[PDB]
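Colleague: The file below is final.cif, mmCIF, C-alpha atoms and all ligand atoms:
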data_structure
#
loop_
_atom_site.label_atom_id
_atom_site.label_comp_id
_atom_site.auth_asym_id
_atom_site.auth_seq_id
_atom_site.Cartn_x
_atom_site.Cartn_y
_atom_site.Cartn_z
CA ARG A 5 -94.49 -122.74 10.63
CA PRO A 6 -97.04 -120.29 12.13
CA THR A 7 -100.75 -120.45 11.31
CA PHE A 8 -101.77 -117.94 8.60
CA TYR A 9 -105.16 -116.21 8.09
CA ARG A 10 -106.60 -114.52 4.87
CA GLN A 11 -108.45 -111.25 4.26
CA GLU A 12 -109.23 -108.85 1.37
CA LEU A 13 -107.94 -105.27 1.98
CA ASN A 14 -108.78 -102.88 -0.96
CA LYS A 15 -108.91 -105.43 -3.86
CA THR A 16 -105.84 -107.43 -2.53
CA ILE A 17 -105.70 -110.88 -0.69
CA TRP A 18 -103.44 -110.65 2.45
CA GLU A 19 -102.32 -113.98 3.99
CA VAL A 20 -100.27 -113.32 7.17
CA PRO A 21 -99.27 -115.05 10.46
CA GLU A 22 -101.76 -114.75 13.39
CA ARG A 23 -99.20 -112.64 15.33
CA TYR A 24 -100.06 -109.62 13.03
CA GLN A 25 -103.47 -108.06 14.02
CA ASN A 26 -105.70 -105.07 13.04
CA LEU A 27 -104.25 -104.66 9.49
CA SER A 28 -105.18 -101.27 7.93
CA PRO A 29 -104.08 -99.86 4.53
CA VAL A 30 -101.53 -96.98 4.61
CA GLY A 31 -100.18 -96.70 1.01
CA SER A 32 -99.29 -98.30 -2.35
CA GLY A 33 -96.59 -97.36 -4.89
CA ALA A 34 -95.99 -99.59 -7.98
CA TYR A 35 -93.54 -101.91 -6.01
CA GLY A 36 -96.22 -103.08 -3.46
CA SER A 37 -99.08 -102.37 -0.98
CA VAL A 38 -98.47 -101.40 2.75
CA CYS A 39 -100.67 -102.04 5.86
CA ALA A 40 -100.16 -100.88 9.47
CA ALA A 41 -100.51 -103.76 12.00
CA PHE A 42 -99.99 -104.60 15.68
CA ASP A 43 -97.32 -107.29 16.19
CA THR A 44 -98.51 -109.36 19.24
CA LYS A 45 -95.07 -111.18 19.58
CA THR A 46 -93.01 -107.93 20.06
CA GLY A 47 -95.64 -105.30 21.08
CA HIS A 48 -94.46 -103.02 18.18
CA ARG A 49 -96.73 -101.21 15.65
CA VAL A 50 -95.30 -102.40 12.27
CA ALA A 51 -95.52 -101.80 8.52
CA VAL A 52 -96.32 -104.97 6.49
CA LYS A 53 -95.43 -104.57 2.79
CA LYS A 54 -96.77 -107.15 0.25
CA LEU A 55 -94.55 -106.99 -2.89
CA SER A 56 -96.46 -106.67 -6.24
CA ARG A 57 -95.47 -109.00 -9.12
CA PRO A 58 -92.10 -109.78 -7.41
CA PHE A 59 -91.04 -112.41 -10.06
CA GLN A 60 -92.78 -111.03 -13.20
CA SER A 61 -89.50 -110.37 -15.23
CA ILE A 62 -85.75 -111.08 -14.82
CA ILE A 63 -85.35 -107.32 -13.86
CA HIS A 64 -88.21 -107.62 -11.25
CA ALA A 65 -86.98 -110.99 -9.78
CA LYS A 66 -83.42 -109.57 -9.38
CA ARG A 67 -84.81 -106.35 -7.76
CA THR A 68 -86.80 -108.53 -5.23
CA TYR A 69 -83.57 -110.45 -4.36
CA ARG A 70 -81.55 -107.19 -4.09
CA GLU A 71 -84.09 -105.54 -1.68
CA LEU A 72 -84.29 -108.65 0.61
CA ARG A 73 -80.46 -109.03 0.72
CA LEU A 74 -80.00 -105.32 1.62
CA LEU A 75 -82.74 -105.25 4.33
CA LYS A 76 -81.42 -108.50 5.93
CA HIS A 77 -77.90 -106.95 6.22
CA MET A 78 -78.68 -103.52 7.78
CA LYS A 79 -78.23 -103.70 11.64
CA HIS A 80 -77.62 -100.12 12.94
CA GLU A 81 -79.52 -97.66 15.23
CA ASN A 82 -79.74 -94.99 12.44
CA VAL A 83 -80.82 -97.38 9.57
CA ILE A 84 -84.16 -99.19 8.97
CA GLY A 85 -83.89 -102.91 9.92
CA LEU A 86 -85.95 -105.99 8.92
CA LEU A 87 -88.22 -107.24 11.75
CA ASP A 88 -89.58 -110.22 9.71
CA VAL A 89 -90.00 -111.66 6.19
CA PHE A 90 -92.57 -114.36 5.34
CA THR A 91 -94.42 -116.25 2.60
CA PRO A 92 -97.54 -118.42 2.99
CA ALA A 93 -96.00 -120.95 0.53
CA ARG A 94 -95.07 -124.37 2.05
CA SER A 95 -92.53 -125.20 -0.80
CA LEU A 96 -90.47 -123.53 -3.61
CA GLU A 97 -92.98 -125.01 -6.12
CA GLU A 98 -95.95 -122.97 -4.69
CA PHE A 99 -93.82 -119.82 -3.85
CA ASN A 100 -95.28 -116.59 -5.39
CA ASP A 101 -95.66 -113.93 -2.64
CA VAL A 102 -93.14 -112.04 -0.38
CA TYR A 103 -94.05 -109.88 2.69
CA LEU A 104 -91.57 -107.56 4.48
CA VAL A 105 -92.12 -106.26 8.08
CA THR A 106 -90.47 -103.08 9.55
CA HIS A 107 -91.15 -100.67 12.50
CA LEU A 108 -94.02 -98.30 11.56
CA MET A 109 -92.48 -94.82 10.97
CA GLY A 110 -94.57 -91.73 11.90
CA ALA A 111 -93.04 -88.41 10.93
CA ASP A 112 -90.36 -87.78 8.30
CA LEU A 113 -87.89 -84.85 8.20
CA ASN A 114 -90.36 -83.04 5.87
CA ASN A 115 -92.91 -83.09 8.76
CA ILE A 116 -90.44 -81.10 11.00
CA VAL A 117 -88.56 -78.84 8.48
CA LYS A 118 -91.80 -77.32 7.08
CA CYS A 119 -93.88 -77.23 10.32
CA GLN A 120 -91.54 -76.60 13.38
CA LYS A 121 -88.63 -74.35 14.55
CA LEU A 122 -85.15 -76.02 14.57
CA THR A 123 -82.28 -74.68 16.74
CA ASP A 124 -78.57 -75.16 15.84
CA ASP A 125 -78.58 -77.99 18.48
CA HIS A 126 -81.39 -79.83 16.52
CA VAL A 127 -79.39 -79.43 13.23
CA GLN A 128 -76.15 -80.77 14.90
CA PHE A 129 -78.04 -83.87 16.26
CA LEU A 130 -80.04 -84.66 13.09
CA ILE A 131 -77.04 -84.36 10.70
CA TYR A 132 -74.79 -86.30 13.22
CA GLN A 133 -77.24 -89.26 13.07
CA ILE A 134 -77.45 -89.22 9.19
CA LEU A 135 -73.58 -89.29 9.03
CA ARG A 136 -73.37 -92.09 11.74
CA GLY A 137 -75.79 -94.19 9.62
CA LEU A 138 -73.86 -93.32 6.36
CA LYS A 139 -70.46 -94.32 7.88
CA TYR A 140 -72.05 -97.79 8.52
CA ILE A 141 -73.73 -98.05 5.03
CA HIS A 142 -70.55 -96.89 3.16
CA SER A 143 -68.31 -99.34 5.19
CA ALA A 144 -70.33 -102.20 3.46
CA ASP A 145 -69.68 -100.53 -0.02
CA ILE A 146 -73.46 -99.77 -0.27
CA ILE A 147 -74.52 -96.44 -1.94
CA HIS A 148 -77.98 -95.14 -0.76
CA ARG A 149 -78.45 -93.01 -3.99
CA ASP A 150 -81.81 -91.43 -2.82
CA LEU A 151 -81.24 -89.43 0.40
CA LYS A 152 -83.89 -86.66 0.82
CA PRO A 153 -86.14 -85.49 3.73
CA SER A 154 -89.00 -87.95 2.90
CA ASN A 155 -86.52 -90.90 3.30
CA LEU A 156 -85.53 -89.89 6.91
CA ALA A 157 -87.87 -90.95 9.77
CA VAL A 158 -87.71 -88.76 12.97
CA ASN A 159 -89.47 -89.33 16.39
CA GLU A 160 -90.54 -86.81 19.15
CA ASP A 161 -87.04 -87.27 20.78
CA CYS A 162 -85.34 -86.11 17.42
CA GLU A 163 -84.00 -89.71 16.87
CA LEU A 164 -83.50 -90.45 13.13
CA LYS A 165 -83.44 -93.54 10.83
CA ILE A 166 -82.44 -93.73 7.14
CA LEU A 167 -84.93 -95.66 4.93
CA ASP A 168 -85.95 -96.42 1.28
CA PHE A 169 -82.53 -97.28 -0.22
CA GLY A 170 -82.25 -96.69 -4.00
CA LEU A 171 -82.94 -100.09 -5.66
CA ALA A 172 -82.31 -98.37 -9.08
CA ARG A 173 -86.11 -97.74 -9.25
CA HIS A 174 -86.56 -94.08 -10.41
CA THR A 175 -87.85 -93.46 -14.00
CA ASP A 176 -87.13 -90.52 -16.43
CA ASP A 177 -90.73 -89.18 -15.86
CA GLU A 178 -90.14 -89.22 -12.03
CA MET A 179 -86.94 -87.00 -12.37
CA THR A 180 -88.55 -84.42 -14.84
CA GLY A 181 -89.35 -80.77 -13.98
CA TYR A 182 -90.01 -79.00 -10.60
CA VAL A 183 -89.63 -82.15 -8.44
CA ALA A 184 -88.12 -83.01 -5.00
CA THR A 185 -87.04 -86.42 -6.47
CA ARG A 186 -84.10 -84.50 -8.22
CA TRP A 187 -83.31 -81.50 -5.91
CA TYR A 188 -80.99 -83.53 -3.59
CA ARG A 189 -79.04 -85.43 -6.40
CA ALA A 190 -75.30 -84.81 -7.05
CA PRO A 191 -74.64 -83.11 -10.43
CA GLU A 192 -72.46 -86.04 -11.74
CA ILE A 193 -75.44 -88.50 -11.38
CA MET A 194 -78.16 -85.98 -12.47
CA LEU A 195 -76.32 -85.39 -15.80
CA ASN A 196 -74.52 -88.81 -16.15
CA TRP A 197 -71.00 -87.12 -16.20
CA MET A 198 -69.00 -90.20 -15.04
CA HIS A 199 -69.15 -93.51 -13.08
CA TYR A 200 -70.42 -92.30 -9.65
CA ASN A 201 -69.53 -93.77 -6.21
CA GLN A 202 -70.55 -93.28 -2.51
CA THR A 203 -69.55 -89.51 -2.54
CA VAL A 204 -72.98 -88.82 -4.20
CA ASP A 205 -74.63 -89.40 -0.73
CA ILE A 206 -72.48 -86.62 0.92
CA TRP A 207 -73.77 -84.04 -1.70
CA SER A 208 -77.34 -85.02 -0.62
CA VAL A 209 -76.43 -84.54 3.11
CA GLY A 210 -75.14 -81.00 2.24
CA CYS A 211 -78.45 -80.15 0.49
CA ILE A 212 -80.47 -81.51 3.55
CA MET A 213 -78.26 -79.64 6.12
CA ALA A 214 -78.64 -76.31 4.15
CA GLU A 215 -82.48 -76.75 4.14
CA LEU A 216 -82.57 -77.41 7.97
CA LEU A 217 -80.55 -74.16 8.52
CA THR A 218 -82.68 -71.88 6.18
CA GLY A 219 -86.08 -73.69 6.02
CA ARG A 220 -85.81 -73.49 2.16
CA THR A 221 -84.78 -75.99 -0.60
CA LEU A 222 -81.12 -75.26 -1.57
CA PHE A 223 -81.40 -76.09 -5.34
CA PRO A 224 -85.13 -76.11 -6.32
CA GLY A 225 -84.54 -76.40 -10.11
CA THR A 226 -87.45 -76.24 -12.59
CA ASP A 227 -85.57 -78.88 -14.74
CA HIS A 228 -82.07 -80.49 -14.97
CA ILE A 229 -80.49 -77.38 -16.70
CA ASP A 230 -82.08 -74.78 -14.35
CA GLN A 231 -80.89 -76.91 -11.38
CA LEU A 232 -77.27 -77.11 -12.79
CA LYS A 233 -77.24 -73.23 -13.18
CA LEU A 234 -78.36 -72.86 -9.48
CA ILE A 235 -75.59 -75.31 -8.40
CA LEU A 236 -72.76 -73.62 -10.46
CA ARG A 237 -73.78 -70.10 -9.19
CA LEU A 238 -73.11 -71.25 -5.54
CA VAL A 239 -70.06 -73.58 -5.97
CA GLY A 240 -68.48 -72.05 -9.14
CA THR A 241 -67.99 -73.46 -12.67
CA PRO A 242 -65.60 -76.40 -13.05
CA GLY A 243 -61.83 -76.06 -13.48
CA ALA A 244 -59.74 -77.99 -16.10
CA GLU A 245 -59.07 -80.76 -13.55
CA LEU A 246 -62.74 -81.71 -13.08
CA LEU A 247 -63.57 -81.23 -16.88
CA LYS A 248 -60.98 -84.00 -17.64
CA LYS A 249 -63.05 -86.44 -15.39
CA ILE A 250 -66.33 -85.91 -17.40
CA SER A 251 -66.54 -88.88 -19.87
CA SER A 252 -69.30 -87.47 -22.17
CA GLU A 253 -67.72 -85.04 -24.75
CA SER A 254 -71.19 -83.45 -25.24
CA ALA A 255 -71.49 -82.97 -21.40
CA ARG A 256 -67.97 -81.28 -21.43
CA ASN A 257 -68.89 -79.11 -24.49
CA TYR A 258 -72.11 -78.01 -22.78
CA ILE A 259 -70.29 -77.01 -19.50
CA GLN A 260 -67.69 -75.02 -21.53
CA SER A 261 -70.55 -73.08 -23.20
CA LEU A 262 -71.37 -71.44 -19.78
CA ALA A 263 -69.69 -68.16 -18.67
CA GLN A 264 -67.20 -68.81 -15.81
CA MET A 265 -68.35 -67.96 -12.23
CA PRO A 266 -66.40 -68.07 -8.91
CA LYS A 267 -67.52 -69.98 -5.73
CA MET A 268 -69.74 -67.69 -3.59
CA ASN A 269 -69.05 -66.62 0.06
CA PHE A 270 -71.06 -69.22 2.11
CA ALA A 271 -71.21 -66.89 5.21
CA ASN A 272 -73.12 -64.36 2.98
CA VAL A 273 -75.54 -67.14 1.71
CA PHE A 274 -76.23 -68.86 5.16
CA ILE A 275 -76.63 -65.52 7.05
CA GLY A 276 -76.26 -65.97 10.86
CA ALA A 277 -75.46 -69.72 10.82
CA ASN A 278 -72.90 -71.23 13.20
CA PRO A 279 -69.50 -70.62 11.50
CA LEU A 280 -68.69 -74.37 12.08
CA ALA A 281 -71.90 -75.26 10.12
CA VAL A 282 -70.79 -72.94 7.25
CA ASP A 283 -67.31 -74.65 7.24
CA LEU A 284 -68.85 -78.18 7.06
CA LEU A 285 -71.21 -77.16 4.18
CA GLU A 286 -68.17 -75.81 2.19
CA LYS A 287 -66.53 -79.32 2.68
CA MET A 288 -69.65 -81.33 1.52
CA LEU A 289 -70.82 -79.10 -1.43
CA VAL A 290 -67.71 -79.53 -3.59
CA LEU A 291 -68.34 -80.05 -7.32
CA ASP A 292 -65.43 -82.57 -7.76
CA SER A 293 -66.63 -85.69 -5.88
CA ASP A 294 -62.94 -86.82 -5.25
CA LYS A 295 -62.49 -83.76 -2.98
CA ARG A 296 -65.70 -84.00 -0.85
CA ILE A 297 -65.45 -84.84 2.90
CA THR A 298 -66.32 -88.49 3.70
CA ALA A 299 -68.86 -89.63 6.37
CA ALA A 300 -66.03 -90.93 8.63
CA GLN A 301 -64.10 -87.59 8.28
CA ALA A 302 -67.30 -85.48 8.86
CA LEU A 303 -68.08 -87.26 12.22
CA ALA A 304 -64.71 -85.84 13.55
CA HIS A 305 -65.55 -82.21 12.43
CA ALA A 306 -65.78 -79.70 15.34
CA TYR A 307 -69.51 -78.96 14.51
CA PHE A 308 -70.40 -82.37 16.16
CA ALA A 309 -68.13 -82.03 19.28
CA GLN A 310 -71.04 -82.57 21.77
CA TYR A 311 -72.14 -85.89 20.07
CA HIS A 312 -68.99 -87.47 18.45
CA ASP A 313 -67.86 -90.75 20.18
CA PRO A 314 -65.34 -92.69 18.09
CA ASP A 315 -66.03 -95.84 20.26
CA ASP A 316 -69.79 -95.69 19.40
CA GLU A 317 -69.73 -95.14 15.55
CA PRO A 318 -69.80 -98.75 14.31
CA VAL A 319 -69.01 -100.21 10.84
CA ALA A 320 -70.89 -102.98 8.99
CA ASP A 321 -70.09 -106.65 8.53
CA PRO A 322 -68.76 -107.31 5.00
CA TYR A 323 -71.49 -107.33 2.26
CA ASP A 324 -71.11 -109.66 -0.83
CA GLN A 325 -72.69 -107.92 -3.88
CA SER A 326 -71.17 -110.32 -6.48
CA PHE A 327 -74.77 -111.25 -7.51
CA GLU A 328 -75.08 -107.78 -9.18
CA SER A 329 -72.86 -108.94 -12.14
CA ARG A 330 -74.49 -112.42 -12.39
CA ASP A 331 -76.72 -113.47 -15.31
CA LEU A 332 -79.55 -115.76 -14.09
CA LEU A 333 -83.04 -116.94 -15.20
CA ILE A 334 -86.30 -115.82 -13.38
CA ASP A 335 -86.64 -119.20 -11.55
CA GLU A 336 -82.94 -118.99 -10.36
CA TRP A 337 -83.47 -115.48 -8.84
CA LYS A 338 -86.76 -116.84 -7.37
CA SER A 339 -84.95 -119.86 -5.71
CA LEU A 340 -82.20 -117.53 -4.29
CA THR A 341 -84.97 -115.30 -2.80
CA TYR A 342 -86.82 -118.33 -1.33
CA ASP A 343 -83.57 -119.49 0.45
CA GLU A 344 -83.13 -115.94 1.96
CA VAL A 345 -86.81 -115.98 3.25
CA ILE A 346 -86.46 -119.42 4.96
CA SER A 347 -82.97 -118.62 6.52
CA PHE A 348 -84.17 -115.33 8.17
CA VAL A 349 -83.40 -115.08 11.93
CA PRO A 350 -85.22 -112.30 13.80
CA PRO A 351 -83.41 -109.71 15.87
CA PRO A 352 -82.98 -110.27 19.67
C1 LIG B 1 -82.59 -86.85 22.29
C2 LIG B 1 -81.54 -86.01 22.31
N1 LIG B 1 -80.32 -86.36 22.93
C3 LIG B 1 -80.05 -87.70 23.42
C4 LIG B 1 -78.60 -87.92 23.66
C5 LIG B 1 -78.05 -88.02 24.95
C6 LIG B 1 -76.66 -88.16 25.09
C7 LIG B 1 -75.87 -88.19 23.92
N2 LIG B 1 -76.39 -88.11 22.66
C8 LIG B 1 -77.74 -87.98 22.55
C9 LIG B 1 -81.62 -84.66 21.71
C10 LIG B 1 -82.89 -84.04 21.57
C11 LIG B 1 -82.98 -82.80 21.00
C12 LIG B 1 -81.81 -82.18 20.59
CL1 LIG B 1 -81.94 -80.62 19.95
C13 LIG B 1 -80.57 -82.73 20.70
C14 LIG B 1 -80.46 -83.99 21.27
CL CL B 2 -98.29 -116.30 14.53
CL CL B 3 -85.34 -100.39 12.68
CL CL B 4 -96.93 -117.64 -1.94
CL CL B 5 -88.39 -85.08 0.01
CL CL B 6 -72.57 -110.93 2.52
MG MG B 7 -89.44 -92.76 0.14
#
Using structure tokens, write down the structure from this file.

Modeller:
Amino acid sequence: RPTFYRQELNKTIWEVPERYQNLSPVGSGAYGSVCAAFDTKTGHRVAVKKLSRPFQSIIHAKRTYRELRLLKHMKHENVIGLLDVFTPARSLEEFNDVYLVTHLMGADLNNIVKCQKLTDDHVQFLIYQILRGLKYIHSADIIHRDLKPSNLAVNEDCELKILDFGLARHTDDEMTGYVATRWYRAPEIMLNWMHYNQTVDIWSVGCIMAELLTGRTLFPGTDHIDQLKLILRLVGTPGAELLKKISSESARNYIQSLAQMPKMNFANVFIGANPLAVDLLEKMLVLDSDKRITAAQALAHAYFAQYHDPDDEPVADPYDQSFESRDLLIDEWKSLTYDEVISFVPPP
């Protein structure tokens, strides 16, 4: 067990191993507080996140367990990994607090799309890396569910990592009105049309790719209905085949109330783009999720010819998510989490 030291940073007690120095506040959502630190064992600048109220309800205890299981599994160059996890508790009986340690991310994709000039070569490399990371995530039957520019870290060498997996966190207030939290979501999840699957993440990649090519949000809806009208003007209204797959009768009645529209000409929307980029966007931005290109198929598309290496596009170890259907008490979720903290082995 390392030695721990205590300090108060903005109304919060932090108790951390001596290896982590020069802690300074960086942010705080409702899920925890974050400090930047220097990790003297590795020489990395790191983010230290202290969870807030991790075991306050069954829903909260299960979310804590879910986040720690996911972060411990993800071992890929284009996905955030877990550098460390610790608790100052010396036993299960005094266990209350969880701290997670990752590499400190500087810029996101929002800090390069808005304020920089991207060539076709930059777009090929950035989207290649997102798809390499997604092949790995999808091979574990994990859905990200929240891909958008603010969840993609990028360095000065244009190297990219996926972060901030959807832990089923987002509220109705957060998805209301003229908000980036909804502009990248697939229409079947935005409007609860049907049981969704991993194809939702490829819709989000299409929206991101379009925005790197034009410098403008593809579907900046003022609300759910405005955003659906923007989507159907580009891709066309649904045919009888997709309408049969929509489980809500009211959702089907509403769609049928709209005048029919054909798919637009993507070369006339993405004026001057690489024709191979236009072709790949037409294969991602398909309304019927069964017919979208997969991550593994997209890596083999001719747009990525200068980066594609089928011997360096790895898949994940198997991921057991059977806990998701399990009914447990707060203290049972808390014991499972404690075991995952004490069994952690750091990366090489
Ligand atoms: C960093 C980088 N390339 C590294 C690299 C070497 C060999 C194979 N694959 C990737 C890079 C930078 C800017 C643009 Cl626009 C594109 C790529
Ligand atoms: Cl230490
Ligand atoms: Cl990482
Ligand atoms: Cl504790
Ligand atoms: Cl964003
Ligand atoms: Cl597993
Ligand atoms: Mg985020």

Colleague: So what do you get for CA of residue 117 in chain A versus CA of residue 280 in chain A, distance-wise?

Modeller: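 Going from CA of residue 117 in chain A over to CA of residue 280 in chain A, I get 20.7 Å.
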
Colleague: Grab me every residue within 9 Å of ligand CL 2 (chain B), counting only C-alpha atoms and all ligand atoms, and send it over as a ChimeraX atom specification.

Modeller: /A:5-8,20-24,44-45

Colleague: Please indicate the distance in Å from CA of residue 59 in chain A to CA of residue 179 in chain A, rounded to one decimal place.

Modeller: 25.8 Å

Colleague: Name the closest residue to residue 345 in chain A among the candidates A:94, A:237, A:330, A:295; distances are taken between atoms, counting all atoms listed in the file.

Modeller: A:94

Colleague: Rounded to one decimal, what separation in Å do you get between CA of residue 302 in chain A and CA of residue 78 in chain A?

Modeller: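 Computing it gives 21.4 Å between the two atoms.
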
Colleague: Mind rebuilding range 55-79 of chain A with N, CA and C atoms and writing that out as a PDB file, in the coordinates of the input?

Modeller:
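Wrote it out as out.pdb, contents follow:
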ATOM      1  N   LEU A  55     -95.133-107.407  -1.580  1.00  0.00           N
ATOM      2  CA  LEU A  55     -94.550-106.990  -2.890  1.00  0.00           C
ATOM      3  C   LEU A  55     -95.571-107.235  -4.012  1.00  0.00           C
ATOM      4  N   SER A  56     -95.621-106.371  -5.032  1.00  0.00           N
ATOM      5  CA  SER A  56     -96.460-106.670  -6.240  1.00  0.00           C
ATOM      6  C   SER A  56     -95.596-107.227  -7.362  1.00  0.00           C
ATOM      7  N   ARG A  57     -96.043-108.351  -7.917  1.00  0.00           N
ATOM      8  CA  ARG A  57     -95.470-109.000  -9.120  1.00  0.00           C
ATOM      9  C   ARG A  57     -93.966-109.184  -8.894  1.00  0.00           C
ATOM     10  N   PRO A  58     -93.539-109.733  -7.724  1.00  0.00           N
ATOM     11  CA  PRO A  58     -92.100-109.780  -7.410  1.00  0.00           C
ATOM     12  C   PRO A  58     -91.239-110.547  -8.420  1.00  0.00           C
ATOM     13  N   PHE A  59     -91.806-111.482  -9.166  1.00  0.00           N
ATOM     14  CA  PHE A  59     -91.040-112.410 -10.060  1.00  0.00           C
ATOM     15  C   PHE A  59     -91.594-112.338 -11.492  1.00  0.00           C
ATOM     16  N   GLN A  60     -92.037-111.158 -11.910  1.00  0.00           N
ATOM     17  CA  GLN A  60     -92.780-111.030 -13.200  1.00  0.00           C
ATOM     18  C   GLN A  60     -91.831-110.939 -14.412  1.00  0.00           C
ATOM     19  N   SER A  61     -90.571-110.546 -14.216  1.00  0.00           N
ATOM     20  CA  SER A  61     -89.500-110.370 -15.230  1.00  0.00           C
ATOM     21  C   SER A  61     -88.140-110.656 -14.583  1.00  0.00           C
ATOM     22  N   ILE A  62     -87.112-110.924 -15.391  1.00  0.00           N
ATOM     23  CA  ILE A  62     -85.750-111.080 -14.820  1.00  0.00           C
ATOM     24  C   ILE A  62     -85.432-109.814 -14.004  1.00  0.00           C
ATOM     25  N   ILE A  63     -85.672-108.606 -14.538  1.00  0.00           N
ATOM     26  CA  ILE A  63     -85.350-107.320 -13.860  1.00  0.00           C
ATOM     27  C   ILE A  63     -86.095-107.277 -12.512  1.00  0.00           C
ATOM     28  N   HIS A  64     -87.367-107.678 -12.482  1.00  0.00           N
ATOM     29  CA  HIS A  64     -88.210-107.620 -11.250  1.00  0.00           C
ATOM     30  C   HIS A  64     -87.736-108.670 -10.235  1.00  0.00           C
ATOM     31  N   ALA A  65     -87.414-109.885 -10.668  1.00  0.00           N
ATOM     32  CA  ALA A  65     -86.980-110.990  -9.780  1.00  0.00           C
ATOM     33  C   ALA A  65     -85.655-110.551  -9.141  1.00  0.00           C
ATOM     34  N   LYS A  66     -84.731-109.996  -9.930  1.00  0.00           N
ATOM     35  CA  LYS A  66     -83.420-109.570  -9.380  1.00  0.00           C
ATOM     36  C   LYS A  66     -83.615-108.430  -8.397  1.00  0.00           C
ATOM     37  N   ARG A  67     -84.541-107.499  -8.685  1.00  0.00           N
ATOM     38  CA  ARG A  67     -84.810-106.350  -7.760  1.00  0.00           C
ATOM     39  C   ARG A  67     -85.356-106.902  -6.422  1.00  0.00           C
ATOM     40  N   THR A  68     -86.263-107.867  -6.443  1.00  0.00           N
ATOM     41  CA  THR A  68     -86.800-108.530  -5.230  1.00  0.00           C
ATOM     42  C   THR A  68     -85.638-109.100  -4.399  1.00  0.00           C
ATOM     43  N   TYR A  69     -84.733-109.833  -5.058  1.00  0.00           N
ATOM     44  CA  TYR A  69     -83.570-110.450  -4.360  1.00  0.00           C
ATOM     45  C   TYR A  69     -82.686-109.379  -3.741  1.00  0.00           C
ATOM     46  N   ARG A  70     -82.406-108.338  -4.534  1.00  0.00           N
ATOM     47  CA  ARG A  70     -81.550-107.190  -4.090  1.00  0.00           C
ATOM     48  C   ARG A  70     -82.133-106.508  -2.835  1.00  0.00           C
ATOM     49  N   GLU A  71     -83.416-106.167  -2.836  1.00  0.00           N
ATOM     50  CA  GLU A  71     -84.090-105.540  -1.680  1.00  0.00           C
ATOM     51  C   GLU A  71     -84.017-106.450  -0.442  1.00  0.00           C
ATOM     52  N   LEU A  72     -84.263-107.747  -0.563  1.00  0.00           N
ATOM     53  CA  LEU A  72     -84.290-108.650   0.610  1.00  0.00           C
ATOM     54  C   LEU A  72     -82.853-108.803   1.144  1.00  0.00           C
ATOM     55  N   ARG A  73     -81.866-108.958   0.246  1.00  0.00           N
ATOM     56  CA  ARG A  73     -80.460-109.030   0.720  1.00  0.00           C
ATOM     57  C   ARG A  73     -80.059-107.769   1.479  1.00  0.00           C
ATOM     58  N   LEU A  74     -80.373-106.586   0.963  1.00  0.00           N
ATOM     59  CA  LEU A  74     -80.000-105.320   1.620  1.00  0.00           C
ATOM     60  C   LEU A  74     -80.675-105.171   2.989  1.00  0.00           C
ATOM     61  N   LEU A  75     -81.997-105.392   3.069  1.00  0.00           N
ATOM     62  CA  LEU A  75     -82.740-105.250   4.330  1.00  0.00           C
ATOM     63  C   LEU A  75     -82.255-106.269   5.363  1.00  0.00           C
ATOM     64  N   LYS A  76     -81.946-107.508   4.971  1.00  0.00           N
ATOM     65  CA  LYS A  76     -81.420-108.500   5.930  1.00  0.00           C
ATOM     66  C   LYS A  76     -80.054-108.078   6.492  1.00  0.00           C
ATOM     67  N   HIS A  77     -79.247-107.334   5.721  1.00  0.00           N
ATOM     68  CA  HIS A  77     -77.900-106.950   6.220  1.00  0.00           C
ATOM     69  C   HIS A  77     -77.879-105.794   7.215  1.00  0.00           C
ATOM     70  N   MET A  78     -78.803-104.839   7.096  1.00  0.00           N
ATOM     71  CA  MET A  78     -78.680-103.520   7.780  1.00  0.00           C
ATOM     72  C   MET A  78     -79.089-103.618   9.264  1.00  0.00           C
ATOM     73  N   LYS A  79     -78.091-103.592  10.172  1.00  0.00           N
ATOM     74  CA  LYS A  79     -78.230-103.700  11.640  1.00  0.00           C
ATOM     75  C   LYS A  79     -77.494-102.541  12.325  1.00  0.00           C
TER      76      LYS A  79
END
